[PDB]
Each structure stands twice: as C-alpha cells, then as structure tokens.
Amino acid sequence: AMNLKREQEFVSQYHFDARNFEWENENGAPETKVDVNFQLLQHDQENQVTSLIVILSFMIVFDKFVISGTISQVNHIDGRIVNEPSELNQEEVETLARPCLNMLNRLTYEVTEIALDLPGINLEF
C-alpha cells in the first residue's frame, strides 16, 4: 500500500462545450485524450517524503459536445524519494490519480444529466 497524504483535490478548469461543426469542418474534429502528469514540489530527505502535484488533464469528445479541463491534487508520498515521476508504475499512477479521476467522473455525470436532460454519463475512469 502506498503511504499517501493527500491535500484537497482542485478543479482548475472544467469546460462543457457544444461541438461547432462549422469550425470542425475547417479545422478537423477534436480527439479524446486523457493524461496524468506530475510536478515535483519537494524532496524532504530527513523524513523521506516526496511532495508532488498530480495533474489530470482531459479532452473527452462525445457526439454533440466536448468535456475538457484540468483537475489536480497535491500528494505526499511518505517513505519514498521519487527523483523522476516517470519511475512510478501504472498501479501507482492510478492510485495517485484516483481522487482526481473520481472528481472528473462526478462532474461529468452531473453536468451531462443536467445539460442534456438524460441520465448522466458515467465515464467509469
């Protein structure tokens, strides 16, 4: 089990936009892309803690609309010095991103239910 201390997850940007098919005719249709990246904040050598920001950025393309933005969370990994965030494995990355991914799922469910007047879309990320 990762020994994580987590700060409050933070929405920097959450955008719902209807697709503009006139614009896409000229410029091409947007593509879905979802990415998790990491910013180092601090290595505490004495206590062996790495503080970083987990950053979830997304553009998710539906038939009629696009969901896009960035959600992030400061995480402290207790008991490990992670020099380069690329050394974290897939399971570690998912664990680190889990609160952000949940935020994305819950905003998307509520916004799509309300905006479309249909049962909410569950991304299940």
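When you see a residue number, it is the position in the sequence shown, counting from 1.
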Stretch with the greater mean C-alpha B-factor as recorded in the entry, comparing 72 to 80 against 22 to 30: 22 to 30
Selected stretch [higher average CA B-factor]: 38 to 46 or 62 to 70: 38 to 46
Chain third (lowest, middle, highest) by recorded CA B-factor, residue given as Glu9: middle
Where the record places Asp117 (Cα B-factor, split into thirds across the chain): highest
Where the record places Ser57 (Cα B-factor, split into thirds across the chain): lowest
Third of the chain, ranked by Cα B-factor, where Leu88 sits: highest
